[PDB]
Asks: 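Here you go, one structure.
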Amino acid sequence: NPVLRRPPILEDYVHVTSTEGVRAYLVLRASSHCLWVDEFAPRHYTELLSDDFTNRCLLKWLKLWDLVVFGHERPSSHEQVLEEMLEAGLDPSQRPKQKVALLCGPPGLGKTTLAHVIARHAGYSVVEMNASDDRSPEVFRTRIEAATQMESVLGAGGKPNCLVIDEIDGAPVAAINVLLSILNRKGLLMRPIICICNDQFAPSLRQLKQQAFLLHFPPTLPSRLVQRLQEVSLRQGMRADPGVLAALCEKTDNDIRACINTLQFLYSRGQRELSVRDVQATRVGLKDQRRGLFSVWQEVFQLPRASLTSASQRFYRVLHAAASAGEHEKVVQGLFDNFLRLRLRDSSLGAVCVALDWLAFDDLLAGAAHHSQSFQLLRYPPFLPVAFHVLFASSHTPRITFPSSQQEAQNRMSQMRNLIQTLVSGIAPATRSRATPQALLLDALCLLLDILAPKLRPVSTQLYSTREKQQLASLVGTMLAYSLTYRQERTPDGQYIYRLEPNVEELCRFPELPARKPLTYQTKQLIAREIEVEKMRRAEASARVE
Amino acid sequence: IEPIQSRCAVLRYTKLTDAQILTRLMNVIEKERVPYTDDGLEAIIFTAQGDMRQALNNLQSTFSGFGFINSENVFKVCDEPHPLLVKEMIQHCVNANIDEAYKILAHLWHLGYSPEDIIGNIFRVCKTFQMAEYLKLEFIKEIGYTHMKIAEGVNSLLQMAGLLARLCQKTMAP
Amino acid sequence: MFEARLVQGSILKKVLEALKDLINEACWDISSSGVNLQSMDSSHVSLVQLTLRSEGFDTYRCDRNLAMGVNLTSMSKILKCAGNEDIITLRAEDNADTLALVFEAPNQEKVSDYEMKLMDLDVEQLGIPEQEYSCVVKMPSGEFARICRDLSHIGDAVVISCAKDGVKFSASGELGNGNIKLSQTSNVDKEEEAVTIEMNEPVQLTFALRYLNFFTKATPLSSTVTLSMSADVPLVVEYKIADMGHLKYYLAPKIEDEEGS
Amino acid sequence: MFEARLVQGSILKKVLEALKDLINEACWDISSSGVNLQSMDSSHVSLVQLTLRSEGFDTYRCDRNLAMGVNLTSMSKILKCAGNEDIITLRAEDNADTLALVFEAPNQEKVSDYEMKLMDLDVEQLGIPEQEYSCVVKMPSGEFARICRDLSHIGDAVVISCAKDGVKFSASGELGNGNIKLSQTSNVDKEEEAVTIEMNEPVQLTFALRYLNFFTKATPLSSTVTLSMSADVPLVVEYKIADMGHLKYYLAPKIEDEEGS
Amino acid sequence: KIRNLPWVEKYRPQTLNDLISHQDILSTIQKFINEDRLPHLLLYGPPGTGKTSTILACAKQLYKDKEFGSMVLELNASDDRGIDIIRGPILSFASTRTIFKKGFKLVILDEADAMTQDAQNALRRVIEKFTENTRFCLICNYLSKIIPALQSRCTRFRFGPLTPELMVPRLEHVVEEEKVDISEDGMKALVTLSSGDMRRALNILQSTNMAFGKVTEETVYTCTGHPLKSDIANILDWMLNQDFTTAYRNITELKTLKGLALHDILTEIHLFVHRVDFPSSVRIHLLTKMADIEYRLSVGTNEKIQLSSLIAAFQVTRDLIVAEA
Amino acid sequence: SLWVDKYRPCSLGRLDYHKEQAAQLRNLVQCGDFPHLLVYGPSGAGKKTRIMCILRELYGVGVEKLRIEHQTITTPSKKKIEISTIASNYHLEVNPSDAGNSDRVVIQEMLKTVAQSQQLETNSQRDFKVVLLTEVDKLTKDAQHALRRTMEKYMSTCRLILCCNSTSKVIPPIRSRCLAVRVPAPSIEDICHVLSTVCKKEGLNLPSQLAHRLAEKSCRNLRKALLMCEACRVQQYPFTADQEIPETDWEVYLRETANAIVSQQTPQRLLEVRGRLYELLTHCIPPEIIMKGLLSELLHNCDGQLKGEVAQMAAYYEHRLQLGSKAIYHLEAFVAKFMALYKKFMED
DNA sequence: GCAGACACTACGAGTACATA
Ligand SMILES: Nc1ncnc2c1ncn2[C@@H]1O[C@H](COP(=O)(O)OP(=O)(O)OP(O)(O)=S)[C@@H](O)[C@H]1O
Ligand SMILES: Nc1ncnc2c1ncn2[C@@H]1O[C@H](COP(=O)(O)OP(=O)(O)OP(O)(O)=S)[C@@H](O)[C@H]1O
Ligand SMILES: Nc1ncnc2c1ncn2[C@@H]1O[C@H](COP(=O)(O)OP(=O)(O)O)[C@@H](O)[C@H]1O
Ligand SMILES: [Mg+2]
Ligand SMILES: [Mg+2]
């Protein structure tokens with residue numbers, strides 16, 4: 001016991017006394033020349049490893065250019081929109097209405113191979129423009145003008161040019177604007193252009209997706225890739241079971257190039273038979289995959305289906321997937337916008353409270369790191385998603401939506417601040433200093449709108465009384481003081497409406513409030529006409545005084 | 001990026017073990033005629049932490065400074081690793097044993113380690129520690145809360161002791 | 001009705017560039033004598049006066065004492081679209097709320113009309129005392145611009161001294177002092193190069209550099225420049241712009257240090 | 001009291017434009033013999049030894065010996081606004097910080113007194129060996145500047161060799177190699193364009209092109225340059241100014257390792 | 001001759017024999033110099049332990065005064081050390097040989113934790129490639145701000161805090177060189193308030209000798225403003241022995257009379273509570289409350305309310321300690 | 001012109017309340033060596049009116065002739081920011097919080113240029129210029145730490161009248177450098193007297209019952225009381241003692257938000273309340289006022305042994321909101337904590 | 001001898017990010 005009733009004999013002691021006065025004492029003291037990915041590359045349409053629907057759609061889209069390019073009438077869900085646009089017809093310029101084919105997908109699927117094989121199969125000559133070029137908006141422009149606006153220098157019998165633009169997701173936005181301006185010259189584009197990217201949701205390609213024949217590559221079928229790897233290994237004289245090749249295809253996430261490179265390293269010539277433990281080992285063939293946002297939200301919110309059943313492995317897997325995805329703010333926004341839509345089992349709201357505590361912890365860490373320039377604090381918010389995985393992991397199938405609430409709120413707040421500035425700048429500086437815009441918004445806006453809307457009968461000015469004339473004069477005076485007026489606005493229904501010039505009703509009114517009676521069209525037109533008349537009379541009085 | 005990793009064979013090297021570094025150290029010792037004991041070579045392996053550069057640097061430093069490789073001559077110039085000693089303090093904080101945790105903290109404080117290095121080692125141990133996951137998240141949140149105060153400017157022994165006391169509080173607060 | 005015509009379009013194209021970054025608006029006072037502009041800056045340091053008499057215009061119509069207030073952020077963009085040697089007519093109605101500038105296009109094939117909204121500003125005349133200055137000197141305009149530009153690479157503020165010897169510019173900074181003097185330049189062929197002294201009492205005052213550079217942005221309007229100073233009166237920089245009128249600049253000094261004992 | 005007087009301003013402008021991107025700060029060592037300046041570069045790779053004689057100045061007085069460390073960007077800004085035909089006075093007191101540069105405007109009317117503040121660098125004196133070199137080459141400075149500019153387009157490090165035949169330049173770059181070898185060009189009407197070989201033992205050394213291109217900016221100072229090379233002592237570029245003094249540039253060779261094979 | 005210098009700059013250990021504490025490290029570095037086997041060094045430790053003095057003594061021992069400007073490239077946090085500097089002057093200094101005499105060169109990077117990680121990643125092959133031509137010495141206070149690739153390439157020496165037993169003779173040398181009358185309690189107060197830092201020891205010695213003319217315990221604790229051990233013992237006894245009002249009055253009178261600050265009182269009370277044999281639940285509460293009070297003092301907060309909370313943190317635990325029995 | 005601006009007093013002798021403070025402020029600024037002022041009090045108490053009365057006392061009647069001046073300031077990131085300024089020929093009025101976190105760039109560069117320069121006309125203008133920094137409690141601490149040496153060095157030729165609502169957000173170095181002038185809110189009798197005087201100057205008759213109800217509903221805000229009285233005449237000129245007084249929309253929306261919090265305690269109700277809180281944050285309502293209105297309406301539904309815990313939670317999450325940057329996290333955390341506490345109290 | 005054209009570097013400007 002640390003507390004002794006008797007005082008110590010040898011060691012020094014510290015007294016402790018209670019409120020009731022009881023004393024205690026404590027102690028103070030060319031087979032060998034080329035790669036296998038180039039030796040086994042497809043040289044024909046029948047050797048492709050992509051999805052057959054995407055190959056047929058790209059071939060049909062390129063054969064839709066046969067009338068304009070080759071001068072011949074005869075060439076010889078996600079699926080439904082493509083099959084409709086392939087059968088949608090042609091514009092009166094004898095061209096497809098989708099003149100650009102945008103190719104998207106994860107790396108190593110065969111997009112460049114599909115583009116080159118489909119272009120050389122349809123009688124074109126492949127002109128490539130990839131990320132290793134200068135990609136400035138003038139060099140991009142003159143290269144597209146070279147590739148698409150001229151015929152062949154071989155004369156008759158020369159193949160047409162199919163411009164393949166590889167890695168368009170890394171191009172700047174001005175290059176995409178140059179490409180779209182060339183695409184929309186009405187200078188007419190007479191040759192097909194096919195673009196290849198890896199991430200379709202790039203901010204530079206957002207205008208391109210609305211104008212392109214969007215082909216999204218699914219991951220390759222494991223049975224087809226297993227058969228192709230069996231063909232490659234049997235051509236190279238190496239024996240492997242289909243199970244170890246299926247495990248290798250699982251390891252590389254259906255990447256053809258990574259699997260063939262891993263086989264080329266692992267085979268060599270010391271041994272013939274592949275072993276399962278070589279594929280299962282992380283030394284050869286394991287590369288970092290950048291996870292998608294929806295896959296990360298799905299693996300956070302949903303438990304894996306039934307080793308891997310331990311909670312620590314799920315903890316580390318969720319942490320590493322959320323770290324490897326990147327775009328941390330979007331992950332946090334998706335967690336914030338999706339965690340209350342689940343079938344939550346915590347009816348006492350404790351998990352929601354500690355999740356909001358973790359969100360406030362991330363926000364405080366971001367603020368402290370951006371204030372003190374101490375970014376070693378930025379290693380803790382990567383543990384924000386995995387905390388959600390400890391809180392809201394369920395065996396159900398949650399419908400994860402893309403986060404929009406924070407961005408919509410920020411944009412609407414920016415619009416409200418711009419509207420506040422527009423309202424404030426119209427008033428006179430003699431009365432602008434008497435109230436701050438915050439106090440004007442909180443105190444002097446809804447009451448001001450109640451002042452600006454009296455109960456006025458639809459009666460002309462000659463039949464009005466003296467009191468009603470004085471009330472209308474005070475109304476137009478306080479309307480002119482804040483530089484407000486009513487102006488006509490057209491509607492799709494065909495009826496003219498009258499709206500306040502600085503439309504401050506969206507600043508004042510709230511959606512779920514009880515409704516109030518507005519002014520009619522006649523009295524608002526009378527108010528606007530009296531505002532114009534009083535402005536002209538004020539100008540005349542100022543001219544008479546001066 | 002993933003296109004470059006798809007375009008290449010991705011070989012991953014693991015951290016070197018004790019016998020693998022010991023073979024190269026025996027080769028260098030037989031080349032350089034360095035007298036040694038087994039305990040001194042074990043101390044060189046201990047200070048190496050899987051790094052051959054640090055093993056060769058520590059062997060060169062000990063042989064130049066003293067001319068003999070035993071445990072005392074290695075530990076006079078080299079240093080014991082940090083996270084193995086931090087892990088014992090984290091284990092004491094898991095069992096809410098504040099006295100031994102403060103003993104390890106004060107030993108690390110009197111060795112001249114700054115609060116930022118100590119809290120970095122504490123976070124790196126608590127990332128891979130073997131405990132409950134919710135308790136691990138509570139520990140990581142408390143570590144980040146203390147590290148914000150360290151980055152603000154208040155970095156004393158009392159602040160690290162308060163961090164240790166809060167980590168011991170997190171154990172006895174279900 | 002305000003209706004004025006210019007004889008040269010380069011007067012506005014040299015006088016609005018000095019007021020581009022100096023003052024935020026141009027307030028013109030209309031009278032029978034001419035147009036008067038008195039504008040104080042937002043920091044209450046600089047004061048710009050511009051008096052262009054009615055005898056210098058090609059034509060001038062003024063019935064009532066009116067005041068117009070125009071902005072600079074639109075007039076500066078409008079002036080760059082105008083030509084150089086063309087004619088500029090300014091028009092303003094009695095009751096309208098816009099000012100019209102009519103000139104010729106730089107292609108010299110069409111007439112360009114530009115309208116600007118009249119900002120209703122509520123100002124009052126500060127009132128210069130027009131007192132006897134303790135130092136009056138005359139200097140070349142471009143030489144004064146080169147002098148104010150050469151002290152920009154040294155210090156953020158300049159020191160103007162004026163004894164009977166001449167006018168001394170100083171620039172003390174972290175690099176080192178830059179001192180230049182001009183004295184007795186009557187033995188030159190050009191009459192605009194005459195650096196002369198006119199008063200007796202010496203004055204030493206520290207002024208800003210940015211406002212003096214903005215003052216020397218209006219140098220090819222006139223041939224000579226005049227500098228007036230006193231012990232507490234702000235610095236007066238006078239340009240006699242051709243025949244239509246003149247321009248005055250007032251720059252307040254800086255707060256002196258506590259060098260007493 | 002220190003008071004030197006550069007007879008024309010062009011030589012100081014050429015000196016301070018040669019050293020502008022090379023020398024961190026100027027250490028003027030002042031004696032009765034003249035003005036000495038031994039300063040290394042910021043990378044501690046090159047060395048500049050400038051010696052101006054007392055007879056080259058207009059008037060030169062020096063009572064006690066000085067060592068003035070001054071900044072170079074400030075002196076570059078001072079000498080930028082200086083003429084090429086006007087006298088420039090360098091003044092310094094016994095225990096002051098003001099190093100005064102007194103000159104005239106390009107308008108040749110007003111004086112200009114630019115002060116600089118002296119630094120305290122107390123750097124130790126670097127010993128020039130002044131030993132004999134195994135290769136001495138007289139060549140024109142413009143040809144040396146042209147060949148350094150031509151070798152800068154191919155590579156970044158240039159192997160310069162010298163033997164009984166002549167000086168040889170090689171630049172093994174990424175495009176390829178450029179090997180330029182010039183000898184016995186004394187058979188022209190000019191006297192500056194000549195290649196002369198004085199010493200015996202061949203040397204091959206590699207140097208950075210950036211420092212050589214910085215050294216070639218002293219071309220308007222001297223029409224003929226001297227190259228001194230040996231296997232141990234560095235590369236010396238010696239410009240002999242006509243009636244003022246001389247300028248020595250010392251550049252250390254790069255570390256080159258042969259292939260193990 | 002005499003100069004107007006601070007005593008942390010007037011008395012700098014120009015040779016390696018004048019540094020006091022890290023004898024094994026200094027012997028190893030001296031044998032590195034004598035055998036001409038100097039590696040890339042990484043000197044890390046708390047401030048005021050003698051890392052910059054060590055590398056400057058080594059640079060003065062390795063090179064003469066006639067050649068020191070061509071062999072040593074010293075860069076610190078007051079200089080620009082961006083990636084253009086690593087690819088520029090540092091790489092050209094590493095890749096070229098000397099000017100006057102043959103020898104290996106020395107690049108000193110003082111305060112290397114302030115370098116950006118791009119510059120630290122560019123430093124790696126400069127250090128590895130030109131090892132025979134030039135040597136690198138990194139000096140830092142925080143080892144975590146240096147990348148592990150640079151920590152692999154350098155042999156690291158921990159310059160730990162100066163023990164007060166070895167700290168005494170250097171202070172006695174400074175005292176005898178300045179004609180300072182000091183008592184034994186004054187030297188004990190110097191080595192106590194310094195806490196492994198010779199800079200603050202010499203600064204407190206110079207400040208006390210200028211303020212009072214003598215260096216005793218009273219003069220040191222008055223010039224520093226630090227509370228004495230008896231004052232902290234009285235404060236702890238008042239907090240643990242009597243009620244809130246009497247302890248508040250006594251501590252307020254002691255703080256007003258001697259002009260004490262709450263930060264040093266918190267530091268010494270925190271040092272005291274680990275010595276007093278408290279129960280573990282009491283100690284955790286005391287440490288948490290004192291860390292909260294010390295965090296509250298870092299902003300514009302009234303010190304009287306925080307002193308009342310410091311009294312409150314022990315008045316809570318008084319009954320608990322006594323009823324534990 | 002509204003009643004808030006039509007009948008505002010011009011001089012210190014025309015104020016209807018705090019007349020002893022008005023005489024003391026007249027005595028303070030008479031000599032001209034008065035220090036920097038920090039006018040603080042609740043909103044609508046009459047701080048700006050007394051500041052303009054002090055300005056009219058110091059200078060002539062030309063203080064009321066105002067103008068708008070726009071100044072473009074360059075940030076250290078070289079992003080140009082335009083800031084408006086109420087100006088006269090004698091004083092300046094800056095609200096630096098309009099530049100947000102760049103407010104320090106307003107203090108370090110735009111203010112010092114005002115302070116370092118003397119007056120052009122020392123006969124019309126006095127020996128000092130006055131700068132009114134509006135809403136200094138909304139300033140960041142960096143701007144307040146940039147303020148202090150400008151206040152100390154140029155006090156003899158540049159005076160400052162800072163204005164705020166709470167002096168707790170002002171750092172102690174700034175509060176040490178200025179004299180703190182407290183303007184309390186007018187009482188119910190003072191607001192009734194002001195409203196009666198305004199109605200009799202307008203030719204109208206105001207009952208004591210309606211004036212007392214306007215003063216009680218205004219929460220001692222004279223601006224809101226005058227606006228409510230003008231809205232009441234507008235909507236019904238014969239002043240009944242039980243005439244319905246109009247109310248602001250965001251207050252009713254906040255009351256219905258708190259009623260929605262009380263009505264259900266479920267994550268779906270938390271989602272709907274989070275939508276209501278974004279609607280409130282979108283309309284530029286400050287989150288501290290959202291917290292205060294939420295507390296003021298949630299305490300009307302709690303029992304006697306829960307209100308202290310609800311108030312402590314509201315203060316805690318308001319403090320965490322001030323320490324953070326995203327207000328919706330702390331607002332929803334307070335609502336979720338209240339829902340958990342209210343469910344625990346109702347079930348047990 | 002002086003106007004037109006060539007490439008040269010210095011400088012303004014936009015954007016990303018900062019951890020394990
Ligand atoms: N059917 C196939 N059989 C074997 N190898 C193939 C087959 N199809 C394609 N490949 C190879 O696998 C790789 C496919 O990748 P590519 O089409 O060149 O590039 P990509 O598919 O666009 O992916 P990224 O984003 O550019 S990395 C290439 O190395 C091809 O040679
Ligand atoms: N070991 C020591 N022996 C003697 N004097 C010392 C010692 N350490 C420090 N000093 C004194 O303290 C002064 C500064 O020490 P430094 O060498 O700068 O220590 P430091 O390790 O570099 O501290 P930092 O980390 O750079 S702030 C020296 O000039 C000496 O006067
Ligand atoms: N003494 C007074 N007599 C009559 N009305 C007043 C008086 N003081 C203030 N008011 C009115 O009350 C309102 C208070 O607003 P303001 O003066 O801006 O104070 P605050 O700055 O505290 O909001 C003003 O609109 C003003 O017209
Ligand atoms: Mg590709
Ligand atoms: Mg140091």
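Here is how names work: the chains are called A, B, and so on, in the same order as the sequence lines, proteins then strands, and each is numbered from 1.
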Asks: Among all residues two or more places apart in sequence or in another chain, which pass the salt bridge (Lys or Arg N to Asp or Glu O under 4.0 Å) test with E:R87?
Replies: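 Checked E:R87 against salt bridge (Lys or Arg N to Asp or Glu O under 4.0 Å); zero matches.
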
Asks: Starting at NE2 of B:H147 and ending at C1' of G:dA20, how long is that distance when rounded to a whole Å?
Replies: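 For the pair B:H147 NE2 and G:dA20 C1', the rounded distance is 13 Å.
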
Asks: Not counting sequence neighbours, which residues clear side chain to side chain donor-acceptor pair (under 3.5 Å) with D:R210? List them please.
Replies: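 If we apply the side chain to side chain donor-acceptor pair (under 3.5 Å) test to D:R210, skipping adjacent residues, there are no hits.
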
Asks: Name the closest nucleotide to the B:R124 side chain, picking from G:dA20, G:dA10, G:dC8.
Replies: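 The listed nucleotide nearest to B:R124's side chain is G:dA20.
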
Asks: Suppose we screen for ring-ring contact (aromatic ring centres under 6.0 Å, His included). Which residues come up paired with E:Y44, at least two apart in sequence or across chains?
Replies: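 Here no residue qualifies.
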
Asks: Quick one: do the F:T140 and F:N101 side chains pair a donor with an acceptor below 3.5 Å?
Replies: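 Result is no, nothing qualifies.
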
Asks: Name every donor-acceptor pair, under 3.5 Å, that has one atom in a side chain of residues 117-127 of chain B and the other anywhere in the protein, sequence neighbours excluded.
Replies:
unit_1	atom_1	unit_2	atom_2	d
B:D117	OD1	E:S144	N	3.3
B:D117	OD1	E:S144	OG	2.7
B:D117	OD2	B:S114	OG	2.9
B:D117	OD2	E:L143	N	3.3
B:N121	OD1	B:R124	NH2	2.8
B:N121	ND2	B:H82	ND1	3.1
B:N121	ND2	B:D117	O	2.6

Asks: Which whole-number value in Å describes the distance from A:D288 CG to G:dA20 P?
Replies: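 That distance rounds to 18 Å.
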
Asks: Quickly work out the B:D117 CG to G:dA20 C1' distance and round it to whole Å.
Replies: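 That distance rounds to 15 Å.
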
Asks: Could you tell me the separation between the CD1 atom of B:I119 and the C1' atom of G:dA20, rounded to a whole number of Å?
Replies: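 Taking CD1 of B:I119 and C1' of G:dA20, I get 15 Å after rounding.
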
Asks: B:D79: which residues meet the salt bridge (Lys or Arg N to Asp or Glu O under 4.0 Å) condition with it, sequence neighbours left out?
Replies: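 Only E:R158 meet the salt bridge (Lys or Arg N to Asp or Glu O under 4.0 Å) criterion with B:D79.
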
Asks: Can you tabulate the close N/O pairs, meaning under 3.5 Å, that link protein atoms to atoms of nucleotides 12-19 of chain G?
Replies:
unit_1	atom_1	unit_2	atom_2	d
G:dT19	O4'	A:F375	O	3.3
G:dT19	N1	A:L378	O	3.3

Asks: Nearest whole Å is fine: how far is G:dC8 P from D:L209 CG?
Replies: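 After rounding, the gap between these two atoms is 15 Å.
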
Asks: Expressed in angstrom and rounded to an integer, what is the separation of B:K136 atom NZ from G:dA20 atom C1'?
Replies: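 The distance from NZ of B:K136 to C1' of G:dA20 comes to 14 Å, rounded to the nearest Å.
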
Asks: Measure the distance from NZ on D:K20 to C1' on G:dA10 and round it to the nearest whole Å.
Replies: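 So the two atoms are 9 Å apart, to the nearest Å.
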
